[PDB]
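Next comes just one chain, in structure tokens: the form deposited without inositol hexakisphosphate (IHP).
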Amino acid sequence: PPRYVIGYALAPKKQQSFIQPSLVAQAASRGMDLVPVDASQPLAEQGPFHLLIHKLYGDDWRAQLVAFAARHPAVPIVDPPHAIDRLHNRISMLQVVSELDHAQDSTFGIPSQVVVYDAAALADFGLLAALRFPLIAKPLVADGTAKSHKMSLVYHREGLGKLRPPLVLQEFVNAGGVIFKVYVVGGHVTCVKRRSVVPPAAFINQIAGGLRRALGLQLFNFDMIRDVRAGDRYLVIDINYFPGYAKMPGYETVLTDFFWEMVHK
């Protein structure tokens, strides 16, 4: 029978966490060879691939991925670098979340955001003094490789001024102090609690489904909070591409099942 190459272009820290012996074995056992993409050697040179999965951020990388995609159209890229660019600026990410609102008993919003570009505005922008604390403060442009590119919590206006713009802030007072981190692989969903009353599974699936159509992304997760004013309403606060699946257990089986689905696309 035939064998399926899965190319993988990942940062070393991500290789260590994601490409684990248990993944490599299960995949190999089902006829799927996870093959590392030489970073020191153009993609178009590198061996034939039945699927390309990557999490690299460059105009350089982007360029090779586009060559390849026109060179090899039938070969799925997970995910296509167009789709991934939408999540890089923390305002654009929520724009794509806003696209599907058709999805019952529960409701989903995006929280309103404030973007502060310069230290001059952080001090002087009047609107900031009408903000409730705490605040989720994220830097505006993200990736997964640059350290500073994960969310943080601000209680005093003093603490806010000690931050490095550009940044995006949202209010965190309506959240009740709880965050659910939903993980998505194609049409599969996995969900986890976290402290800093669990949404109906059919609601999470509706949203996960929505985000997937809208995002055009196979591999992402999303954070939602309950709006505790109503007891039934939920907000999507973050969307990160290709998160730490290696955290949820049995990820190997989910990801191998997904790879199989992808190489019979």
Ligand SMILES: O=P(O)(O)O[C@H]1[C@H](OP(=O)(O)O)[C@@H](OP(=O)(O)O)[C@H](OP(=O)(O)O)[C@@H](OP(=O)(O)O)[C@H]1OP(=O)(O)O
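The first residue of the shown sequence is 1; numbering continues from there. Between two forms, the rigid core is defined as the largest C-alpha subset superposing within 1.5 Å.
One more form of this protein should be noted, the form deposited with inositol hexakisphosphate (IHP) bound, which is absent from this view; the next part is about it.
K.L.:
Okay, which stretch from 122-130, 69-77, 108-116, 146-154 lines inositol hexakisphosphate (IHP) in the entry with it bound, with non-hydrogen atoms inside 4.5 Å?
P.N.:
Looking at the other structure, the answer is 146-154.
K.L.:
Suppose contact means a heavy atom within 4.5 Å; in the entry with it bound, does that hold for all of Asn221, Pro243 and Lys247 with inositol hexakisphosphate (IHP)?
P.N.:
Contact check passed for all of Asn221, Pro243 and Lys247.
K.L.:
Heavy atoms within 4.5 Å of inositol hexakisphosphate (IHP) in the entry with it bound: does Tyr183 have any?
P.N.:
Yes, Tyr183 sits close enough to inositol hexakisphosphate (IHP) in the entry with it bound that at least one of its heavy atoms falls within 4.5 Å.
K.L.:
Does the 4.5 Å heavy atom contact test between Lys162 and inositol hexakisphosphate (IHP) in the entry with it bound come out positive?
P.N.:
Contact check for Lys162: no, nothing within 4.5 Å of inositol hexakisphosphate (IHP) in the entry with it bound.
K.L.:
Is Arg194 close enough to inositol hexakisphosphate (IHP) in the entry with it bound to count, meaning some heavy atom within 4.5 Å?
P.N.:
Answer yes; at least one heavy atom of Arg194 falls within 4.5 Å of inositol hexakisphosphate (IHP) in the entry with it bound.
K.L.:
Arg226 versus inositol hexakisphosphate (IHP), in the entry with it bound: is there a non-hydrogen atom within 4.5 Å?
P.N.:
Residue-level check for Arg226: no, no contact with inositol hexakisphosphate (IHP).
K.L.:
Taking inositol hexakisphosphate (IHP) as it sits in the entry with it bound, which residues of 54-72 have a non-hydrogen atom within 4.5 Å of it? Please list them.
P.N.:
Only a single residue, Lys55, comes within 4.5 Å of the partner.
K.L.:
Give the option from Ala142, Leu135, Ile77, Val182 whose C-alpha shifts by 2 Å or more between this form and the one not shown; the alignment is on the rigid core.
P.N.:
Looking at each option in turn, only one qualifies, and it is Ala142.
K.L.:
Please check whether, in the entry with it bound, the CA atoms of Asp143 and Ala246 lie closer or farther apart than here, given a change of 3 Å or more.
P.N.:
Compared with the form shown here, the C-alpha atoms of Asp143 and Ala246 sit farther apart in the entry with it bound, by 3 Å or more.
K.L.:
Relative to the form shown here, do the C-alpha atoms of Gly144 and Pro21 sit closer together or farther apart in the entry with it bound, given a change of 3 Å or more?
P.N.:
It is farther: in the entry with it bound, the C-alpha atoms of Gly144 and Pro21 lie at least 3 Å more apart than they do here.
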